[PDB]
Amino acid sequence: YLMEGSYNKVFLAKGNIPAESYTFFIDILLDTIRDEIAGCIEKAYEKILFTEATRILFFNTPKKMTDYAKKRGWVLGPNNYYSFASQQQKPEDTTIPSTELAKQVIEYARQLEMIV
Amino acid sequence: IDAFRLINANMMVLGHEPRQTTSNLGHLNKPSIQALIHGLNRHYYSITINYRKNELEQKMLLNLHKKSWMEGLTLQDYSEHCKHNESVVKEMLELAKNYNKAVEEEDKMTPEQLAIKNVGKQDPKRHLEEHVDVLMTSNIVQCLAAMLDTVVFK
């Protein structure tokens with residue numbers, strides 16, 4: 001279930017342990033998914049109010065939303081989580097292909113006329 | 001060139017052999033049959049020659065005879081490059097159909113008859129591998145020379 005986006009069922013299993021305590025393991029598991037939701041807020045979403053992403057984990061209103069809201073963005077606002085969905089700068093690169101392809105075309109010319 | 005000089009016919013009347021070889025340097029070039037028909041060895045002799053040269057000349061004739069200037073730093077008729085590429089591939093198709101014609105008479109008569117017999121009509125093999133080379137070197141030069149200017153000019 002951790003492979004796909006099964007989250008809520010995983011937090012049902014969390015507790016729904018039939019075998020024994022497993023507490024030290026499900027607390028590492030309680031974290032290594034805390035940073036996972038703490039990344040899952042960072043996708044292209046709308047203005048999330050102070051209830052939805054407040055209750056997606058397992059909290060009512062501590063300052064753990066201040067721990068993550070000051071750790072990452074989606075900053076504390078007027079019932080507001082801020083979307084800095086920019087994704088702008090990285091395209092329009094010809095020069096890096098104008099170096100790599102400058103390598104590759106010469107590599108074509110090496111095994112084309114030069115006898116091997 | 002083969003520079004010459006007379007020999008005396010007086011010694012030919014004497015029946016005597018001139019010029020008294022003391023070095024393995026004369027009989028190195030065989031004389032031509034036409035000059036042998038002419039006065040060749042009865043009235044004149046050949047002289048082995050060579051040339052004097054120096055790097056002072058060698059460089060200044062080598063470095064100057066066939067020199068492009070900035071021509072490979074151009075783009076070569078950028079509309080008609082792909083158009084010419086079409087203008088080879090189009091008949092290269094039917095020439096490849098002839099290559100789908102000429103292989104099939106193997107497992108047949110001997111290849112010497114498949115050598116004499118092919119002097120009236122074209123073969124797809126050599127004519128094919130010509131055009132593959134022409135398309136290849138025609139394309140790759142325009143590609144790389146097209147791509148350097150992207151770096152160099154801004």
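What follows is calculated from the coordinates using simple rules that are stated; it is not laboratory data. In this analysis, Cβ positions are derived from the backbone assuming ideal geometry, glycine residues included, and neighbour counts consider all displayed protein chains.
Between B:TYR44 and A:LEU2, the modelled labels are 10.3 nm apart [label points 7 Å from Cα along Cα→Cβ]. Over all projection directions, the Cα-based convex hull of region A:1-95 averages an area of 8.9 nm². A helix-only calculation puts chain B at -16000 deg cm²/dmol for mean residue ellipticity at 222 nm, using -39500 (n - 2.57) for each DSSP H run of at least four residues, averaged over all residues.
Peptide B:142-154 is shielded by partner chain Cβ atoms: per residue, an average of 3 of them sit within 10 Å of its Cβ.
Working note: Karplus 6.51/-1.76/1.60 with θ = phi - 60° gives region B:17-22 the couplings 8, x, 6, 5, 3, 10 Hz, where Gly and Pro are set to x. For region B:123-138, the residues whose amide N sits under 14 Å from a probe point set 7 Å from the Cα of B:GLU105 along the beta carbon direction are B:123-125. Span-like helix check, chain B: no full DSSP H segment qualifies, none having both a Cα axial length of 20 Å or more and a mean Kyte-Doolittle of 1.6 or more.
Of all stretches in chain B that contain no GluC sites (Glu not before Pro) in a DSSP loop with at most 13 other Cβ atoms within 10 Å, the longest one is B:1-70.
Modelled spin labels at B:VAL89 and B:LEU28, positioned 7 Å past Cα toward Cβ, are 5.8 nm from each other. What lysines does B:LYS121 reach when the alpha-carbon gap must be under 30 Å and sequence neighbours fewer than 8 apart in one chain are set aside? Straight-distance partners of B:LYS121: B:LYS83, B:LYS90, B:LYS97, B:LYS101, B:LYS108. A DSSP coil position with no more than 16 other Cβ atoms inside 10 Å describes the following trypsin sites (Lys or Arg not before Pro) in region B:10-65: B:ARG19, B:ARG52, B:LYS53. If you plug the beta carbon distance of A:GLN104 and B:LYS97 into 1/(1 + (r/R0)^6) with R0 = 41 Å, you get a FRET efficiency near 0.80.
Peptide A:96-105 is shielded by partner chain Cβ atoms: per residue, an average of 3 of them sit within 10 Å of its Cβ. Within chain A, the whole DSSP H helices whose Cα atoms reach 20 Å or more along their own axis and whose mean Kyte-Doolittle score is at least -1.0 are A:97-113. Going by neighbour counts of Cβ atoms within 10 Å, the residues B:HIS27, B:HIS43 line up, fewest first, as B:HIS27, B:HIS43. Spin-label model, B:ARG5 to A:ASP35: label points 7 Å out along the Cα-to-beta-carbon direction sit 9.9 nm apart. Residues whose amide H comes within less than 5 Å of that of B:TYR45, counting only those at least five positions distant or on another chain, are B:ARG5, B:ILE7 (H built at 1.01 Å from N in the peptide plane).
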